[PDB]
Structure formats: C-alpha cells, structure tokens
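Chemist: Compact mmCIF, C-alpha atoms and all ligand atoms, saved as target-v7.txt, coming up:
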```
# COMPACT_ATOMS: atom_id res chain seq x y z
CA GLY Y 1 -70.27 24.00 4.15
CA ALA Y 2 -67.73 25.57 6.50
CA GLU Y 3 -66.44 29.18 6.32
CA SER Y 4 -62.64 29.31 5.78
CA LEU Y 5 -60.63 31.44 8.25
CA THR Y 6 -56.88 31.66 7.89
CA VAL Y 7 -54.82 32.96 10.88
CA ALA Y 8 -51.09 33.66 11.18
CA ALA Y 9 -49.65 33.06 14.65
CA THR Y 10 -46.40 32.75 16.58
CA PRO Y 11 -45.96 29.17 17.74
CA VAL Y 12 -46.23 29.53 21.54
CA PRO Y 13 -48.68 30.35 23.04
CA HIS Y 14 -50.64 31.63 20.06
CA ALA Y 15 -50.72 28.69 17.67
CA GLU Y 16 -51.22 26.29 20.61
CA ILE Y 17 -54.27 28.31 21.73
CA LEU Y 18 -55.60 28.30 18.18
CA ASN Y 19 -55.15 24.49 17.85
CA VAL Y 20 -57.35 24.04 20.98
CA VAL Y 21 -60.08 26.42 19.68
CA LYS Y 22 -60.11 24.88 16.20
CA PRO Y 23 -62.50 22.00 16.99
CA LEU Y 24 -64.93 24.35 18.75
CA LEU Y 25 -65.05 26.47 15.62
CA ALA Y 26 -65.53 23.44 13.37
CA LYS Y 27 -68.73 22.76 15.30
CA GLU Y 28 -69.93 26.32 14.46
CA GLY Y 29 -69.24 25.96 10.73
CA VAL Y 30 -65.81 27.60 10.70
CA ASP Y 31 -62.69 25.93 9.33
CA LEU Y 32 -59.80 27.56 11.14
CA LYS Y 33 -56.49 27.24 9.23
CA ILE Y 34 -53.46 28.20 11.28
CA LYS Y 35 -50.15 29.26 9.74
CA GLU Y 36 -47.16 29.54 12.03
CA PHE Y 37 -44.59 32.34 11.75
CA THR Y 38 -41.52 32.89 13.90
CA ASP Y 39 -41.24 36.69 13.51
CA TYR Y 40 -43.08 39.89 14.37
CA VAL Y 41 -43.39 41.34 10.83
CA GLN Y 42 -44.63 38.78 8.34
CA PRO Y 43 -47.91 37.96 10.17
CA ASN Y 44 -48.99 41.58 9.62
CA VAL Y 45 -47.64 41.80 6.08
CA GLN Y 46 -49.54 38.58 5.15
CA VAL Y 47 -52.83 40.02 6.37
CA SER Y 48 -52.32 43.44 4.81
CA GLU Y 49 -51.34 41.78 1.51
CA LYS Y 50 -54.66 39.87 1.62
CA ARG Y 51 -52.90 36.50 1.82
CA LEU Y 52 -54.37 35.47 5.18
CA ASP Y 53 -57.52 36.68 6.92
CA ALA Y 54 -56.18 37.50 10.42
CA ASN Y 55 -53.29 37.11 12.83
CA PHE Y 56 -52.67 36.45 16.51
CA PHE Y 57 -49.24 37.45 17.82
CA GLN Y 58 -49.03 41.13 18.90
CA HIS Y 59 -50.30 43.64 21.41
CA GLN Y 60 -52.09 46.88 20.55
CA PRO Y 61 -49.16 49.21 21.05
CA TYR Y 62 -47.17 47.15 18.55
CA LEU Y 63 -50.05 47.11 16.06
CA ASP Y 64 -50.57 50.85 16.24
CA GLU Y 65 -46.86 51.52 15.67
CA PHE Y 66 -46.76 48.91 12.89
CA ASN Y 67 -49.66 50.57 11.04
CA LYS Y 68 -48.01 53.95 11.48
CA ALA Y 69 -44.63 52.71 10.19
CA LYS Y 70 -46.00 50.71 7.28
CA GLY Y 71 -49.04 52.82 6.36
CA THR Y 72 -51.45 49.92 6.89
CA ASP Y 73 -54.86 49.74 8.48
CA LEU Y 74 -55.07 46.47 10.33
CA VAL Y 75 -57.60 46.47 13.18
CA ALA Y 76 -57.87 44.74 16.50
CA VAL Y 77 -60.77 42.28 16.95
CA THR Y 78 -60.44 41.11 20.56
CA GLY Y 79 -58.02 40.67 23.40
CA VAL Y 80 -57.01 37.25 24.53
CA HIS Y 81 -54.11 37.10 26.99
CA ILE Y 82 -51.20 38.92 28.57
CA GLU Y 83 -47.59 37.67 28.63
CA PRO Y 84 -45.87 39.49 31.48
CA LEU Y 85 -42.36 40.33 30.26
CA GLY Y 86 -39.44 39.04 32.27
CA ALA Y 87 -35.75 39.85 32.71
CA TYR Y 88 -33.48 36.80 32.48
CA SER Y 89 -29.84 36.16 33.18
CA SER Y 90 -27.56 33.17 32.66
CA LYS Y 91 -24.92 34.81 34.93
CA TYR Y 92 -26.75 36.49 37.87
CA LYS Y 93 -29.45 35.33 40.30
CA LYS Y 94 -30.84 38.71 41.47
CA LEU Y 95 -30.72 42.34 40.21
CA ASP Y 96 -28.49 43.54 43.02
CA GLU Y 97 -25.73 41.27 41.63
CA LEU Y 98 -25.51 43.11 38.27
CA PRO Y 99 -22.07 44.64 37.93
CA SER Y 100 -21.18 48.22 37.05
CA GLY Y 101 -21.32 48.48 33.26
CA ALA Y 102 -23.64 45.47 32.96
CA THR Y 103 -24.88 44.65 29.51
CA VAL Y 104 -28.67 44.51 29.37
CA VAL Y 105 -30.27 43.68 26.03
CA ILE Y 106 -33.84 44.67 25.16
CA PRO Y 107 -35.91 44.52 21.98
CA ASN Y 108 -35.09 47.10 19.31
CA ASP Y 109 -38.66 47.83 18.19
CA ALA Y 110 -40.28 50.95 19.62
CA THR Y 111 -43.00 49.40 21.81
CA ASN Y 112 -41.22 46.33 23.15
CA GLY Y 113 -38.04 48.38 23.72
CA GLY Y 114 -40.06 51.00 25.63
CA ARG Y 115 -41.84 48.29 27.57
CA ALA Y 116 -38.48 46.77 28.57
CA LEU Y 117 -37.15 50.15 29.72
CA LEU Y 118 -40.31 50.62 31.82
CA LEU Y 119 -39.71 47.24 33.51
CA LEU Y 120 -36.10 48.31 34.25
CA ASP Y 121 -37.56 51.51 35.74
CA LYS Y 122 -40.13 49.58 37.81
CA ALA Y 123 -37.40 47.25 39.07
CA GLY Y 124 -35.14 50.17 40.07
CA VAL Y 125 -32.26 49.41 37.70
CA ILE Y 126 -32.53 52.79 35.98
CA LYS Y 127 -34.90 55.70 36.20
CA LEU Y 128 -36.80 57.17 33.24
CA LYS Y 129 -37.91 60.83 32.92
CA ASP Y 130 -41.11 61.74 34.72
CA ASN Y 131 -43.07 62.51 31.52
CA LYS Y 132 -42.12 59.21 29.83
CA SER Y 133 -44.49 57.30 27.55
CA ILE Y 134 -44.60 53.58 26.76
CA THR Y 135 -42.36 54.26 23.72
CA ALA Y 136 -39.53 55.55 25.91
CA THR Y 137 -36.01 55.18 24.55
CA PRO Y 138 -32.58 55.03 26.24
CA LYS Y 139 -32.35 58.80 25.70
CA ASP Y 140 -35.14 59.13 28.31
CA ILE Y 141 -32.98 57.61 31.09
CA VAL Y 142 -32.40 60.19 33.84
CA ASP Y 143 -30.57 57.93 36.38
CA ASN Y 144 -28.12 55.13 35.66
CA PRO Y 145 -25.87 54.75 38.70
CA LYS Y 146 -24.45 51.34 37.65
CA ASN Y 147 -23.71 52.60 34.12
CA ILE Y 148 -25.80 49.83 32.62
CA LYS Y 149 -25.22 49.48 28.90
CA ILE Y 150 -28.61 49.16 27.20
CA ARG Y 151 -28.27 46.97 24.14
CA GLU Y 152 -31.04 46.71 21.55
CA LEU Y 153 -31.52 43.71 19.23
CA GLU Y 154 -34.39 42.13 17.34
CA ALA Y 155 -36.85 40.42 19.73
CA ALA Y 156 -36.59 36.89 18.36
CA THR Y 157 -32.80 36.88 18.71
CA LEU Y 158 -32.65 37.59 22.41
CA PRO Y 159 -32.76 33.97 23.71
CA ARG Y 160 -29.74 33.18 21.56
CA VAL Y 161 -27.70 36.02 23.07
CA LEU Y 162 -28.74 35.37 26.66
CA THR Y 163 -25.40 33.64 27.53
CA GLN Y 164 -23.42 36.53 25.97
CA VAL Y 165 -24.93 39.34 28.10
CA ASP Y 166 -25.50 40.07 31.78
CA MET Y 167 -29.30 40.30 31.40
CA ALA Y 168 -31.94 40.10 28.66
CA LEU Y 169 -35.54 41.26 28.70
CA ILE Y 170 -37.26 38.70 26.49
CA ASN Y 171 -40.80 38.62 25.16
CA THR Y 172 -42.56 35.68 26.76
CA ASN Y 173 -43.54 33.95 23.48
CA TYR Y 174 -39.86 33.72 22.67
CA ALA Y 175 -38.85 32.91 26.26
CA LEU Y 176 -41.28 29.94 26.41
CA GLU Y 177 -39.95 28.56 23.08
CA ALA Y 178 -36.47 28.77 24.58
CA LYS Y 179 -37.69 26.78 27.68
CA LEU Y 180 -37.31 29.74 30.03
CA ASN Y 181 -39.76 29.80 32.91
CA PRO Y 182 -40.82 33.40 33.57
CA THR Y 183 -42.38 32.68 36.96
CA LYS Y 184 -39.25 30.85 38.28
CA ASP Y 185 -36.29 32.19 36.26
CA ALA Y 186 -37.12 35.96 35.93
CA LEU Y 187 -35.10 38.50 37.96
CA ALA Y 188 -37.91 41.00 37.46
CA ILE Y 189 -41.26 40.76 35.76
CA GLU Y 190 -44.20 42.93 34.73
CA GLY Y 191 -47.57 42.82 36.45
CA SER Y 192 -50.42 41.47 34.29
CA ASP Y 193 -52.53 44.67 34.36
CA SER Y 194 -50.62 46.23 31.53
CA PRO Y 195 -50.86 47.82 28.08
CA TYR Y 196 -49.87 44.53 26.47
CA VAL Y 197 -52.87 42.30 25.98
CA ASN Y 198 -52.31 40.16 22.87
CA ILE Y 199 -55.01 40.69 20.29
CA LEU Y 200 -56.58 38.93 17.37
CA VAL Y 201 -56.05 41.31 14.38
CA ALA Y 202 -57.79 41.45 11.06
CA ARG Y 203 -58.95 43.99 8.47
CA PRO Y 204 -61.89 46.37 8.18
CA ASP Y 205 -63.39 43.99 5.63
CA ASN Y 206 -63.56 40.99 7.97
CA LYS Y 207 -63.42 42.16 11.55
CA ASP Y 208 -67.23 41.94 11.75
CA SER Y 209 -67.64 38.83 9.64
CA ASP Y 210 -69.53 35.85 11.05
CA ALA Y 211 -66.43 33.65 11.14
CA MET Y 212 -64.26 36.31 12.73
CA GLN Y 213 -66.85 36.88 15.43
CA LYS Y 214 -67.11 33.15 16.19
CA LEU Y 215 -63.30 32.98 16.57
CA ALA Y 216 -63.28 36.05 18.83
CA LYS Y 217 -66.03 34.52 21.02
CA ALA Y 218 -64.24 31.13 21.21
CA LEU Y 219 -61.09 32.94 22.35
CA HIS Y 220 -63.06 34.25 25.38
CA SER Y 221 -64.47 30.80 26.16
CA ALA Y 222 -64.19 29.15 29.58
CA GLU Y 223 -62.47 26.24 27.81
CA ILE Y 224 -59.68 28.42 26.34
CA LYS Y 225 -59.25 30.13 29.70
CA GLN Y 226 -58.77 26.75 31.35
CA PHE Y 227 -56.30 25.65 28.70
CA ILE Y 228 -54.26 28.85 29.15
CA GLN Y 229 -54.21 28.49 32.93
CA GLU Y 230 -53.18 24.81 33.09
CA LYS Y 231 -50.76 24.89 30.13
CA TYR Y 232 -48.72 28.00 30.95
CA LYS Y 233 -49.09 28.04 34.77
CA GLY Y 234 -49.23 31.83 35.12
CA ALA Y 235 -46.72 32.73 32.35
CA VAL Y 236 -49.69 33.54 30.10
CA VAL Y 237 -52.62 35.26 31.77
CA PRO Y 238 -56.12 35.24 30.32
CA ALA Y 239 -57.36 38.77 29.56
CA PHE Y 240 -61.05 38.00 30.00
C1 LIG Y 301 -45.34 41.70 18.51
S1 LIG Y 301 -45.74 42.64 20.10
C2 LIG Y 301 -45.07 41.34 21.42
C3 LIG Y 301 -45.94 40.11 21.43
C4 LIG Y 301 -45.55 39.12 22.54
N1 LIG Y 301 -46.39 37.89 22.52
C5 LIG Y 301 -45.74 39.75 23.92
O1 LIG Y 301 -46.87 39.83 24.41
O2 LIG Y 301 -44.76 40.20 24.53
CL CL Y 302 -53.72 46.92 5.70
```
Please go through the file and, once you have read it, give me the structure as structure tokens.

Modeler:
Amino acid sequence: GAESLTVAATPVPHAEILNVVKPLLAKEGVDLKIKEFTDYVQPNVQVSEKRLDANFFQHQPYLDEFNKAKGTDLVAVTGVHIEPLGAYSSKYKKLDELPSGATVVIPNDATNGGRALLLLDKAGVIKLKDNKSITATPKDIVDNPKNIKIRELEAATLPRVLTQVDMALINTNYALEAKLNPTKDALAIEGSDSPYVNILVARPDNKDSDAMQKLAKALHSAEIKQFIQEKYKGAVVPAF
C-alpha cells in the first residue's frame, strides 16, 4: 500500500503546486496529504510537534532564524521556487512620487524585514550601512533623505493595510492571494537570483525517507516547472 506523507503549506503557490504533484506521487506509492495554513508559524510548529511530516512555505533564512528562536531542528530537503518580493502602493505609481515622510510598511520578522530593507536599498529609497547582512534592521539605515517612516507589521497583514500606507513590501504568497500582480503592479522588485528560494522542510528522521525523496524529486520535475511557469507567469520562478 501507499506511504503516507503529510505536508503543511501556504495556499498560493505552495498548496497549488502540491495539488499538481500529488497524482505523480500516487503513481510512485506515496499518498500526499496537504494541509493548508495561512501563517508563517504553525507550519513549523506542526512539524516540530510531530503532527505533520513536512512543510512547504518558507525560505532558508526564515527557517534558520525560526530554529534559532524556537530551539528546533527542522531541516531543509530541497529548493523549489523563488517569489521575488515586490513593493506595492495603492496611492503612487512610481517610487519618485513617494512624499517626504512616506509610510512604508515591511514585515516585522527578522529575515523578511531585512529582505524588504535590502529591496528599498536596491531601489534607492534608503541606503543601508556598507557591512549590512540580510537581517538588517531600520537601525542600519545610513541615508534617508525623504524621511521615510519604516513601519513593521506581521507579513500576512500587509495586504489589508495597503490602502492605509504609502507603500507596502509584501511577500508574494500573500500578494498573489490578495490578487496583486507583482510583474505589473510592483514599484520595485527583487531579482530572482536571491537568498530566498522556498524549500521543502522536514525533520532529521524523515528527510532521507523514501517518500520524502520522491516528493523532493517530483518538485524538480519538468511537469512542476511547466505548471509554475504557466500558472504564475513570472511571479513565481522555478529554482531548478
Ligand atoms: C516564511 S519566509 C517567506 C515565504 C514567502 N513564500 C516568500 O518567499 O517570500
Ligand atoms: Cl524540531
């Protein structure tokens, strides 16, 4: 009979990708059971608490910081895709239009906050210190001529505050659920050669299990690459 494999995922793109791989896995004796979560904490907690076998929602910087903060030992299995992060505005059409004292909201977790600040640096809105890392904070800003006010709120909440700020830097999974189009709507956007490949994550006990390996291989398949390309039209970039 089939091997059970339970995977927590954010709904878009992750759970969509998993729904498309699920039949391929069934044909290799693996019964993939997908559980959707809307947040960036519970998928890890569920795996670490031995409730689910794996998850698919985060990048490696986030994982490493999560294990540090929580004292857990979740491990990456394979990389799947990149979601270049965009800056969105309901009020302005290009960065040059941002007013003095503009409110710019970014995620309040260490890695996605740092990532957002790095995009602001790349786009020339602010400048970060020369020795900055990818966990930069607003304290690391060395130039802010427009006196931008950097606001920090939980990642999932940013689409809901978009109309109440001048600009928001929104994780693509959340942007796509909100019907934002990163390639058309973004005022600035990351490149895809970045630290932020989204990874399948599991535990030491199952990373090298037969079922886990079959899932990992399916997630590098030509078929999944095609799905990602046609479905997300460049908003989600295959990492293989
Ligand atoms: C929980 S780390 C952020 C994950 C999100 N899908 C991104 O790539 O931006
Ligand atoms: Cl753990």

Chemist: What residues have any atom no more than 6 Å from ligand LIG 301 (chain Y) when counting all atoms listed in the file, and can you list them as an MDAnalysis selection string?

Modeler: chainID Y and resid 40 57:59 62 83 171:173 196 198

Chemist: Between CA of residue 148 (chain Y) and CA of residue 113 (chain Y), what distance in Å does the model show, to one decimal?

Modeler: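 We find that CA of residue 148 (chain Y) and CA of residue 113 (chain Y) lie 15.2 Å from each other.
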
Chemist: Quick one: residues within 6 Å of ligand CL 302 (chain Y), with only C-alpha atoms and all ligand atoms, as a PDB file with C-alpha atoms, keeping the file's coordinate frame?

Modeler:
```
ATOM      1  CA  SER Y  48     -52.320  43.440   4.810  1.00  0.00           C
ATOM      2  CA  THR Y  72     -51.450  49.920   6.890  1.00  0.00           C
ATOM      3  CA  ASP Y  73     -54.860  49.740   8.480  1.00  0.00           C
ATOM      4  CA  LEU Y  74     -55.070  46.470  10.330  1.00  0.00           C
TER       5      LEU Y  74
END
```

Chemist: Closest to residue 121 (chain Y) among Y:90, Y:144, Y:100, Y:6, using all atoms listed in the file?

Modeler: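 Going through Y:90, Y:144, Y:100, Y:6 one by one, the smallest distance to residue 121 (chain Y) is for Y:144.
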
Chemist: Using only C-alpha atoms, which residues of region 129-219 of chain Y come within 10 Å of region 13-35 of chain Y, and what is the closest atom pair for each, with the distance in Å to one decimal? Give it as CSV, sorted by chain and residue number.

Modeler:
```
residue,atom,partner,partner_atom,distance
Y:172,CA,Y:13,CA,8.9
Y:173,CA,Y:13,CA,6.3
Y:174,CA,Y:13,CA,9.4
Y:176,CA,Y:13,CA,8.1
Y:177,CA,Y:13,CA,8.9
Y:198,CA,Y:14,CA,9.1
Y:200,CA,Y:14,CA,9.8
Y:210,CA,Y:30,CA,9.1
Y:211,CA,Y:30,CA,6.1
Y:212,CA,Y:30,CA,9.1
Y:214,CA,Y:25,CA,7.0
Y:215,CA,Y:25,CA,6.8
Y:217,CA,Y:25,CA,9.7
Y:218,CA,Y:21,CA,6.5
Y:219,CA,Y:21,CA,7.1
```

Chemist: Give me a file of those residues, with C-alpha atoms, as a tab-separated table (two decimals), keeping the file's coordinate frame.

Modeler:
```tsv
chain	number	residue	atom	x	y	z
Y	172	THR	CA	-42.56	35.68	26.76
Y	173	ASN	CA	-43.54	33.95	23.48
Y	174	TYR	CA	-39.86	33.72	22.67
Y	176	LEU	CA	-41.28	29.94	26.41
Y	177	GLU	CA	-39.95	28.56	23.08
Y	198	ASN	CA	-52.31	40.16	22.87
Y	200	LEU	CA	-56.58	38.93	17.37
Y	210	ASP	CA	-69.53	35.85	11.05
Y	211	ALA	CA	-66.43	33.65	11.14
Y	212	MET	CA	-64.26	36.31	12.73
Y	214	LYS	CA	-67.11	33.15	16.19
Y	215	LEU	CA	-63.30	32.98	16.57
Y	217	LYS	CA	-66.03	34.52	21.02
Y	218	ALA	CA	-64.24	31.13	21.21
Y	219	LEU	CA	-61.09	32.94	22.35
```

Chemist: Neighbouring residues of residue 41 (chain Y) were defined as those with any atom within 12 Å, considering only C-alpha atoms; residues of the same chain fewer than 6 positions away were excluded. Please report them as a list in words.

Modeler: residues 8, 9, 10, 47, 48, 55, 56, 57, 58, 62, 63, 65, 66, 67, 69, 70, 109, 154, 155 and 156 of chain Y

Chemist: What is the CA of residue 126 (chain Y) to CA of residue 158 (chain Y) distance in Å?

Modeler: 20.4 Å

Chemist: Using all atoms listed in the file, what residues lie at most 6 Å away from (-31.1, 59.4, 37.5) (file coordinates), given as a PyMOL selection string?

Modeler: chain Y and resi 127+142-144

Chemist: Using only C-alpha atoms and a cutoff of 12 Å, can you tell me which residues are near (-39.1, 50.2, 26.0) in the file's coordinates, and write them out as an MDAnalysis selection string?

Modeler: chainID Y and resid 61:62 85 105:122 128 132:141 150:152 155 169:171

Chemist: Rounded to one decimal place, report the CA of residue 165 (chain Y)-CA of residue 184 (chain Y) distance in Å.

Modeler: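 For CA of residue 165 (chain Y) relative to CA of residue 184 (chain Y), the distance reads 19.5 Å.
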
Chemist: Looking at only C-alpha atoms, which of Y:64, Y:53, Y:36, Y:96 is the one that sits closest to residue 3 (chain Y)?

Modeler: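 The answer is Y:53, which sits nearest to residue 3 (chain Y).
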
Chemist: Please provide the set of residues having any atom within 10 Å of region 237-239 of chain Y, restricted to only C-alpha atoms, with same-chain residues fewer than 3 positions apart removed, written as a PDB file with C-alpha atoms, in the coordinates of the input.

Modeler:
```pdb
ATOM      1  CA  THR Y  78     -60.440  41.110  20.560  1.00  0.00           C
ATOM      2  CA  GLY Y  79     -58.020  40.670  23.400  1.00  0.00           C
ATOM      3  CA  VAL Y  80     -57.010  37.250  24.530  1.00  0.00           C
ATOM      4  CA  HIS Y  81     -54.110  37.100  26.990  1.00  0.00           C
ATOM      5  CA  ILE Y  82     -51.200  38.920  28.570  1.00  0.00           C
ATOM      6  CA  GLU Y  83     -47.590  37.670  28.630  1.00  0.00           C
ATOM      7  CA  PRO Y  84     -45.870  39.490  31.480  1.00  0.00           C
ATOM      8  CA  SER Y 192     -50.420  41.470  34.290  1.00  0.00           C
ATOM      9  CA  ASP Y 193     -52.530  44.670  34.360  1.00  0.00           C
ATOM     10  CA  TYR Y 196     -49.870  44.530  26.470  1.00  0.00           C
ATOM     11  CA  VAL Y 197     -52.870  42.300  25.980  1.00  0.00           C
ATOM     12  CA  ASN Y 198     -52.310  40.160  22.870  1.00  0.00           C
ATOM     13  CA  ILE Y 199     -55.010  40.690  20.290  1.00  0.00           C
ATOM     14  CA  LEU Y 219     -61.090  32.940  22.350  1.00  0.00           C
ATOM     15  CA  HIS Y 220     -63.060  34.250  25.380  1.00  0.00           C
ATOM     16  CA  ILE Y 224     -59.680  28.420  26.340  1.00  0.00           C
ATOM     17  CA  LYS Y 225     -59.250  30.130  29.700  1.00  0.00           C
ATOM     18  CA  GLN Y 226     -58.770  26.750  31.350  1.00  0.00           C
ATOM     19  CA  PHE Y 227     -56.300  25.650  28.700  1.00  0.00           C
ATOM     20  CA  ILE Y 228     -54.260  28.850  29.150  1.00  0.00           C
ATOM     21  CA  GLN Y 229     -54.210  28.490  32.930  1.00  0.00           C
ATOM     22  CA  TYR Y 232     -48.720  28.000  30.950  1.00  0.00           C
ATOM     23  CA  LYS Y 233     -49.090  28.040  34.770  1.00  0.00           C
ATOM     24  CA  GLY Y 234     -49.230  31.830  35.120  1.00  0.00           C
TER      25      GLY Y 234
END
```

Chemist: From the block you just saw, export region 110-135 of chain Y: N, CA and C atoms, as a PDB file, in the first residue's frame.

Modeler:
```
ATOM      1  N   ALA Y 110      12.549  38.910  11.345  1.00  0.00           N
ATOM      2  CA  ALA Y 110      13.909  39.355  11.077  1.00  0.00           C
ATOM      3  C   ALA Y 110      14.337  39.214   9.599  1.00  0.00           C
ATOM      4  N   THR Y 111      14.058  38.060   8.984  1.00  0.00           N
ATOM      5  CA  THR Y 111      14.541  37.831   7.628  1.00  0.00           C
ATOM      6  C   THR Y 111      13.714  38.503   6.540  1.00  0.00           C
ATOM      7  N   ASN Y 112      12.404  38.502   6.659  1.00  0.00           N
ATOM      8  CA  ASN Y 112      11.603  39.199   5.657  1.00  0.00           C
ATOM      9  C   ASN Y 112      11.635  40.731   5.812  1.00  0.00           C
ATOM     10  N   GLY Y 113      11.815  41.205   7.047  1.00  0.00           N
ATOM     11  CA  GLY Y 113      12.065  42.629   7.300  1.00  0.00           C
ATOM     12  C   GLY Y 113      13.397  43.043   6.667  1.00  0.00           C
ATOM     13  N   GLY Y 114      14.456  42.267   6.902  1.00  0.00           N
ATOM     14  CA  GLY Y 114      15.768  42.587   6.362  1.00  0.00           C
ATOM     15  C   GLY Y 114      15.768  42.586   4.855  1.00  0.00           C
ATOM     16  N   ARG Y 115      15.129  41.557   4.292  1.00  0.00           N
ATOM     17  CA  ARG Y 115      14.929  41.424   2.866  1.00  0.00           C
ATOM     18  C   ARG Y 115      14.238  42.664   2.241  1.00  0.00           C
ATOM     19  N   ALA Y 116      13.179  43.133   2.902  1.00  0.00           N
ATOM     20  CA  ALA Y 116      12.462  44.316   2.470  1.00  0.00           C
ATOM     21  C   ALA Y 116      13.359  45.537   2.490  1.00  0.00           C
ATOM     22  N   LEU Y 117      14.148  45.701   3.582  1.00  0.00           N
ATOM     23  CA  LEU Y 117      15.055  46.848   3.658  1.00  0.00           C
ATOM     24  C   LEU Y 117      16.101  46.781   2.529  1.00  0.00           C
ATOM     25  N   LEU Y 118      16.577  45.578   2.226  1.00  0.00           N
ATOM     26  CA  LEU Y 118      17.534  45.418   1.123  1.00  0.00           C
ATOM     27  C   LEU Y 118      16.945  45.796  -0.237  1.00  0.00           C
ATOM     28  N   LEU Y 119      15.670  45.493  -0.460  1.00  0.00           N
ATOM     29  CA  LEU Y 119      14.984  45.919  -1.688  1.00  0.00           C
ATOM     30  C   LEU Y 119      14.885  47.445  -1.699  1.00  0.00           C
ATOM     31  N   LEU Y 120      14.533  48.061  -0.567  1.00  0.00           N
ATOM     32  CA  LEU Y 120      14.490  49.539  -0.513  1.00  0.00           C
ATOM     33  C   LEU Y 120      15.876  50.125  -0.831  1.00  0.00           C
ATOM     34  N   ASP Y 121      16.924  49.458  -0.352  1.00  0.00           N
ATOM     35  CA  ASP Y 121      18.290  49.902  -0.640  1.00  0.00           C
ATOM     36  C   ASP Y 121      18.590  49.739  -2.154  1.00  0.00           C
ATOM     37  N   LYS Y 122      18.244  48.582  -2.707  1.00  0.00           N
ATOM     38  CA  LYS Y 122      18.497  48.333  -4.123  1.00  0.00           C
ATOM     39  C   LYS Y 122      17.792  49.365  -4.985  1.00  0.00           C
ATOM     40  N   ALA Y 123      16.567  49.720  -4.598  1.00  0.00           N
ATOM     41  CA  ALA Y 123      15.725  50.639  -5.348  1.00  0.00           C
ATOM     42  C   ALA Y 123      16.053  52.123  -5.108  1.00  0.00           C
ATOM     43  N   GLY Y 124      16.974  52.395  -4.183  1.00  0.00           N
ATOM     44  CA  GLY Y 124      17.463  53.748  -3.940  1.00  0.00           C
ATOM     45  C   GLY Y 124      16.573  54.615  -3.085  1.00  0.00           C
ATOM     46  N   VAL Y 125      15.653  54.016  -2.340  1.00  0.00           N
ATOM     47  CA  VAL Y 125      14.775  54.735  -1.431  1.00  0.00           C
ATOM     48  C   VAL Y 125      15.512  55.149  -0.164  1.00  0.00           C
ATOM     49  N   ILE Y 126      16.302  54.228   0.376  1.00  0.00           N
ATOM     50  CA  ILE Y 126      17.170  54.487   1.511  1.00  0.00           C
ATOM     51  C   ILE Y 126      18.508  53.889   1.171  1.00  0.00           C
ATOM     52  N   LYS Y 127      19.475  54.085   2.054  1.00  0.00           N
ATOM     53  CA  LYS Y 127      20.736  53.381   1.955  1.00  0.00           C
ATOM     54  C   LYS Y 127      21.015  52.698   3.307  1.00  0.00           C
ATOM     55  N   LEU Y 128      21.436  51.430   3.238  1.00  0.00           N
ATOM     56  CA  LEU Y 128      21.873  50.682   4.406  1.00  0.00           C
ATOM     57  C   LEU Y 128      23.399  50.717   4.561  1.00  0.00           C
ATOM     58  N   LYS Y 129      23.880  50.557   5.801  1.00  0.00           N
ATOM     59  CA  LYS Y 129      25.322  50.534   6.080  1.00  0.00           C
ATOM     60  C   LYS Y 129      26.048  49.507   5.217  1.00  0.00           C
ATOM     61  N   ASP Y 130      27.299  49.822   4.906  1.00  0.00           N
ATOM     62  CA  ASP Y 130      28.097  49.031   3.991  1.00  0.00           C
ATOM     63  C   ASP Y 130      28.290  47.569   4.430  1.00  0.00           C
ATOM     64  N   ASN Y 131      28.371  47.343   5.731  1.00  0.00           N
ATOM     65  CA  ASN Y 131      28.598  45.993   6.259  1.00  0.00           C
ATOM     66  C   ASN Y 131      27.275  45.250   6.577  1.00  0.00           C
ATOM     67  N   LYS Y 132      26.175  45.672   5.964  1.00  0.00           N
ATOM     68  CA  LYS Y 132      24.883  45.089   6.321  1.00  0.00           C
ATOM     69  C   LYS Y 132      24.787  43.605   5.946  1.00  0.00           C
ATOM     70  N   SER Y 133      23.960  42.878   6.700  1.00  0.00           N
ATOM     71  CA  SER Y 133      23.629  41.495   6.404  1.00  0.00           C
ATOM     72  C   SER Y 133      22.197  41.430   5.927  1.00  0.00           C
ATOM     73  N   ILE Y 134      21.713  40.229   5.583  1.00  0.00           N
ATOM     74  CA  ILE Y 134      20.327  40.068   5.166  1.00  0.00           C
ATOM     75  C   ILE Y 134      19.308  40.090   6.349  1.00  0.00           C
ATOM     76  N   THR Y 135      19.800  40.257   7.582  1.00  0.00           N
ATOM     77  CA  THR Y 135      18.910  40.546   8.701  1.00  0.00           C
ATOM     78  C   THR Y 135      19.097  42.003   9.174  1.00  0.00           C
TER      79      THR Y 135
END
```
